[PDB]
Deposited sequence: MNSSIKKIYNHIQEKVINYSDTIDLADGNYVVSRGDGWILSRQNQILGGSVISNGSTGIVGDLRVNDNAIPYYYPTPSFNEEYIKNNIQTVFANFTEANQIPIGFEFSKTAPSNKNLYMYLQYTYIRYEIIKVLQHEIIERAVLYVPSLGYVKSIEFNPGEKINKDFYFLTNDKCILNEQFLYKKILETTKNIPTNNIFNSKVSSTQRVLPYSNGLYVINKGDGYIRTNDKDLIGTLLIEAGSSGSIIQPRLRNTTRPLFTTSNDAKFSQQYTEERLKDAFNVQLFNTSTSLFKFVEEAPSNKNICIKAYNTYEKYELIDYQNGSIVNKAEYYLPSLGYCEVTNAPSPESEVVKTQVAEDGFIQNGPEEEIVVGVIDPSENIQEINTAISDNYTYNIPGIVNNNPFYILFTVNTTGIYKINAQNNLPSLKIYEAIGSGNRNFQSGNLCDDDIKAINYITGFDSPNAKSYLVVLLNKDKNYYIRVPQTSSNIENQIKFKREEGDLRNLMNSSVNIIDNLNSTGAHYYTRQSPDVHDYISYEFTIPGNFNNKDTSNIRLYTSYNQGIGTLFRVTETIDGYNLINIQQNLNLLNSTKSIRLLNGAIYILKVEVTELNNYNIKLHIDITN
């Protein structure tokens, strides 16, 4: 009756597996014989889900319930979903087996501490699951009264004492992402525990989640409710992974464990969530974040049942948080910004198209289009001034198809290919585009009212060497120069175009290297392209190359070691 806690009020959880005195046999028992299998079960809903309160003058029913639901699992919300448990036992040949069902409870206590003693204690019994006790008997056998009758409340498991006092370089493009961070997420302090089943040796026990009530309780958290609301997050989840049902589920999950004939074991079942993150990656940093926990199909932990008589170590409840019991996962799916216009090119591009920029008024927007046949396309704008960025709709072309026309599959899940989200950067994209697939070109937010054009042209030449890379157009006076762009991910490409400052057939001393990033560069001179070198590593290279004056050269760089968000070139 002595504690080490400071003076005050505490919320105490004595754990699951509590059975109550004298209510041992009041649910009924089964008799089986000669190899028969006896299965006894129940469903926890309505009357058998009502907690039993034992209030005290200082701690009333509301004072108990509110504190218990604030720190531990919310039983009021949990008791509205029917949960089933089953126990299976087989009788040996030429023998009689008797088994009777009980109910197990989670014992919560509200205690008052004064001068290192418990002067007051409240009790709450929340129904969780059941317990089957079996025996083998013979006619006229005298069974011990302890098998039938319980005098005082006991924990079939080992009791616990949980108290609380009452008072990475991402090489992403700018835009939205939905990340599947894994499955099997649970909450601390047994906030998701369905229940514990103690299975005796040689018997079977199952915890069943039928869909008697097709209802779930998703958990949501955001850093900016103005932009990333719950409805906004659900719409983006539907855009990314086509999630339809959030607060309703029809899937059934069930865990069954058979105990070995030599030891007793217990199983714990939990409710799981599938973690989703909606981020707004801008200029190399996360600006917005919203965590969405879609309810998953449960997690079962199977452990050997410890001795009911064991040392009780009084423990403080862990801080509120999540634990992942499923495997590691990170699926990144870019989604279309819902606050931007989607323009379309209905007739598929064959060899030459010249899109006219409309109704947009300098706002950034998408251009949904497709090509007539697979090939390498150079996509540029007037004087290359607005730097475009090409995307691909994930899973486009697998369905309805019409030859020579765009089929708007209405897929907002996009995959970045190449392009810079930089103002005032001359560039054109050299990309390989597939037939019948839908592609997006995000035109950046311009500041000019002059009519602009997007041009598409098939590369039936040496320019196919620059496939899936964006070429920077360069300014030069010799001396020291630096150019900073977003570093492409590992194994991706970035191209540079520059001229040596009078064409005479006159060389120059030109040094080529990068900063903080390793890439096996390649050099082409011009339009026909011929290779000058193969394996220029440009991390901090001091190499020098004879460069003809007044000639155009191209620097393809394949990023191998991504150390910085930005790539710098000299």
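Gaps without C-alpha coordinates occur at 1-20, 188-207, 399, 516, 520, 545, 550, 572-577, 622-626, with positions taken along the deposited sequence from 1.
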